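Structural features, examined
Here's the letter readout for the chains.
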Protein chains: 2
Amino acid sequence: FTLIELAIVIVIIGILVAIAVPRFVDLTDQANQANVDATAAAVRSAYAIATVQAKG
Amino acid sequence: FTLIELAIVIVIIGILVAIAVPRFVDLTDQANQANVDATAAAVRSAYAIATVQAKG
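In the PDB header, cryo-EM is given as the technique by which the entry was determined, and 2.63 Å as its resolution.

In terms of regular secondary structure, chain A is built from 2 helices and 0 strands. If you line up chain A on its principal axes, its C-alpha atoms span 85 × 20 × 10 Å. The 56 residues of chain A split such that 2% are buried. When the accessible surface of chain A is totalled, it reaches about 5,400 Å², and 70% of it is carbon and sulfur.

Summarising the element assignment, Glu5(B) is placed in helix 1 (residues 3-16). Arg44(A) provides the closest opposite charge to the buried, salt-bridge-free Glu5(B), at an N-O distance of 8.0 Å. One polar contact links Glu5(B) to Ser45(A), side chain to side chain, over a distance of 2.6 Å.

We now examine the UniProt feature "transmembrane region" in chain A. What UniProt calls "transmembrane region" maps, in this numbering, to residues 1-21 of chain A. For residues 1-21 of chain A, the end-to-end C-alpha separation is 31 Å, with 67% helix and 0% strand making up the annotated structure.

What follows is about a nonpolar patch on the surface. Together, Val52(A), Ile4(B), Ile8(B), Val11(B), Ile12(B), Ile15(B) and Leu16(B) give the surface a local cluster of nonpolar side chains, amounting to about 660 Å² of exposed area. Among the elements that line the nonpolar patch, the one with the most residues is helix 1 of chain B, at 6 residues. Along the polypeptide, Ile12(B) turns up in helix 1. The exposure class assigned to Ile12(B) is partly exposed, which follows from its relative accessible area of 33%.

As a further point, take helix 1 (residues 3-16) of chain A. In this model, helix 1 of chain A (14 residues) spans 20 Å end to end at C-alpha, consistent with the 20 Å of a helix rising 1.5 Å per residue. Downstream of helix 1 of chain A by one or two residues, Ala18(A) has phi in the positive range, about 65°.

It is worth spelling out the side chain of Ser45(A) at this point. Tracing the backbone through its elements, the reader meets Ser45(A) in helix 2 (residues 28-53). You can call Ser45(A) buried: its relative accessible area is 3%. Excluding residues within four positions of it along the chain, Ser45(A) makes contact with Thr2(B) and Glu5(B).

Reading guide: rules and limits
Residues numbered from 1 in each chain as written, not as in the entry; some residues may be left out. Chains lettered and ligands numbered in written order. Part of a larger assembly, values for the part shown. Heavy atoms only, no water. Helix = DSSP H or I, 4+ residues; strand = E, 2+ residues; numbered from the N terminus. Buried < 20%, exposed > 50% of the residue type's maximum accessible area, 1.4 Å probe, protein only. Areas by Shrake-Rupley, 256 points an atom, 1.4 Å probe, with all protein chains shown as cover. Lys, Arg positive; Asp, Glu negative; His and termini not counted. Salt bridge = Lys/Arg side-chain N within 4 Å of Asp/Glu carboxyl O. Polar contact = N/O pair within 3.5 Å; in protein donor to acceptor, adjacent residues only side chain to side chain. UniProt positions renumbered as here; feature names shortened; annotations may be inferred. Patch = residues over 30% accessible without salt bridge, like charges linked within 9 Å, V, L, I, M, F, W, Y side chains within 5 Å. Expected span 1.5 Å × (residues − 1). Contact = heavy atoms within 4.5 Å.

Written as structure tokens, this is what we have:
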């Protein structure tokens, strides 16, 4: 590579770095809560259906 | 409520409706006739008792 091409590369690397980038976040607490809540809704419906099947 | 529970409800409502149900009927004519007849029997007895009391 010519020295000019390396100079251009040295410039552009410095500009394509110094972007923002997202953090990874452990969102499993929020997702676990929604899983527990959705499951609780399912248990209530499953119970209601069971009261008809059981006739009691 | 879950969509399944609502689906089950939509089914069962449609089946617990479409029973027969009795009409109310104005049976007061038949009851009034029986009242008049029972009262007429009472008047006859009250009259008969009165003929003894009155000695005439």
